[PDB]
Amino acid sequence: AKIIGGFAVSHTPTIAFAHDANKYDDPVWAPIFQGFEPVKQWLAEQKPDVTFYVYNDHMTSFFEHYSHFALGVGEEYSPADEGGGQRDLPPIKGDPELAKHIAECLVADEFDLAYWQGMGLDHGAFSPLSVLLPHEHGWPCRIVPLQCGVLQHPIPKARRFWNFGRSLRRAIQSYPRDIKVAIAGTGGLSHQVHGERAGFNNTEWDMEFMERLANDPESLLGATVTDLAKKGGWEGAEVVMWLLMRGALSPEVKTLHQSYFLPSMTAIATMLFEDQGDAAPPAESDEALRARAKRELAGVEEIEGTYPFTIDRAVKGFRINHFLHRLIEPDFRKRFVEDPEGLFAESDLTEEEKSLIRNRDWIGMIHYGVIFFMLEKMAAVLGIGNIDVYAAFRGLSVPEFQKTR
């Protein structure tokens, strides 16, 4: 519940390439890597427990279903295959409890979210993170990723991103755990990688944007996509993500560091902002905001025989829900009926999970965190009528259940 600060950093895969290829001595990449050194050192000293990490995915894990603010709620994340294979980094751990609380608060403030788990993190995350955090033998902190749908227009207005950040600050602060959180905003700066204009950069704009972001972010809140794209190249307009992160910080920040390099296509920039705490007590106390986040499901526990599918439950049941979800695939469901144990062998299911499935333990699966609609697919595939399922939920025989109807 303490925001220690935030950093802003370009997320080109060229950073990951140079790092993987060992260009720390290279005459071009040496000073660029030295540019990352202050942020890297700050993260090592401050030791944040979680980084809330704002990035965009590059038509890898988000494509056919493309959302504006997608909050990663899962247990851990690994590098996505981008068409080159999986980068050899270990999985970074998520923070499901922080994510849930943040989701509860953001929805209370009327932002519309997406929740995701299990999918790979593209270079949007692992490019800068592999250069800013040691990862030889695990990552030093947890991640709550927020993927922003900045590529398919219309996208949220610059001000919406900023307001997200403002509500995000309160959500993190009001989290009832004594932890240190860093906010990251990635992408940028100026660049365009498509069309006859590919190669566009604007260093004057980059330096102005950075100063405005640091010392007067509200001045940027009326900038349109057109403004940002004219000034910064089409893809450079992703810097609205920097605004989101900047919105999560104290109104006044100390800029501990700024660097800037432009070897190729992308202005590779980094910014380190030290949070200054709060000058005045916030407009609504942490206690009050907590009760507001809780309002919708307050007293749901008094509704007996009911297992709300909350984020915690989704995370708990993810493996088994994911497994059962595959019953929509003709080949998978046919194997499910013909050779379920071979299927169980190849899966990541735990032994209770398999046994729940084995025993057709309907109620036990609901207790466990299987969502009903995945059970329904399992029943239908097995030629078992839903009424059999409902009767078992009630611990009744079918004719007994039928009578109550």
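Residue indices: 1-based, along the sequence shown.
Trainee: Between 192-200 and 75-83, name whichever shows the higher mean Cα B factor according to the PDB entry.
Mentor: Mean B over CA atoms: larger for 75-83.
Trainee: Compare the mean C-alpha B-factor of 377-385 with that of 21-29 as given in the PDB entry, and name the stretch with the higher value.
Mentor: Result of the comparison: 21-29.
Trainee: Given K334, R159, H322, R169, identify the residue with the highest C-alpha B factor in the PDB entry.
Mentor: That would be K334, according to the entry.
Trainee: Comparing recorded Cα B-factors across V150, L146, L228, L133, which one is largest?
Mentor: Within the set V150, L146, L228, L133, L133 shows the top C-alpha B-factor.
Trainee: Is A70 in the lowest, middle or highest third of its chain when residues are ranked by C-alpha B-factor?
Mentor: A70: CA B-factor falls in the lowest third of its chain.
Trainee: Where does the C-alpha B-factor of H101 rank in its chain, lowest, middle or highest third?
Mentor: CA B-factor rank for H101: lowest third.
Trainee: Comparing against every modelled residue in the chain, figure out the third that the C-alpha B-factor of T51 lands in (lowest, middle or highest).
Mentor: Its C-alpha B-factor, which the entry lists for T51, ranks in the middle third among residues of this chain.
Trainee: For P251, return the chain-relative third of its C-alpha B-factor as stated in the PDB record: lowest, middle or highest.
Mentor: Ranked within chain, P251 CA B lands in the middle tercile.
Trainee: With respect to C-alpha B-factor, does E208 fall in the lowest, middle or highest third of the chain as deposited?
Mentor: Bottom third by C-alpha B-factor.
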